[PDB]
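We give structure tokens for two forms of one protein chain below, kept apart as structure 1 and structure 2.
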Structure 1
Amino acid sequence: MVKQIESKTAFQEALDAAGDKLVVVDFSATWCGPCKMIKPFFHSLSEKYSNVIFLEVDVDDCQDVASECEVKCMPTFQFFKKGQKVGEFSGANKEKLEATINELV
């Protein structure tokens, strides 16, 4: 439902396999309280929006992905369509996460 990415190769393949669908990526870390706080809501959105792909990337598992995607903040949500980054924000803001989706899908 939320699917855990555990390599760059898996990241890239997920973006490919998504086709035209919006992909939402949660970049998180175990030291980030707010990241843990929003995980259930992220999962909720994955169940609500079966037309959107939801991915989790733990920055300490995938330092390369975090670095190549220019992640700076915890959590960061990035948004992709057809392999291209179309949005990003930081912070555990539930309404913003949903309003950004509502804008991009």
Structure 2
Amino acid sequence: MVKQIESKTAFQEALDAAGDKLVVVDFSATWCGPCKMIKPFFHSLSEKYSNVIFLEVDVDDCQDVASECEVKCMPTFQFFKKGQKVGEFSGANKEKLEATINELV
């Protein structure tokens, strides 16, 4: 299951609620083609890694001031443990996505 995160407060609360679980965040845009191509794989991963938390952010929802949306290329995947960013890369590369979850879990 992937949780859609639509605000900064929801984002921060999700990272706190995770506890010791790895958190994976897909920052995507509804106009980005490669984001569409990888999205069902991201949801498949969420069923597989059932103790990892998967969040999706539509960057059109990012605040213009004081945002946690610190990204440049779509899609961007960020990885957090106990609220700290522990990994990040951009690009719809499925093998790199699953490899990074395994490296950080």
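Reference numbering: structure 1, starting with residue 1. Residues that one form lacks are left out of the comparison. Just so we're on the same page, rigid core means the largest C-alpha set that superposes within 1.5 Å between forms.
Looking at CA displacements between structure 1 and structure 2 with the core superposed, a shift of 2 Å or more is confined, among 53, 66, 35, 45, to 66. Superposed on the rigid core, the forms differ at residue 82: its CA is offset by 0.2 Å between structure 1 and structure 2.
In this core-based overlay, residues 62 to 69 form the only run of three or more whose Cα positions differ by 2 Å or more between structure 1 and structure 2.
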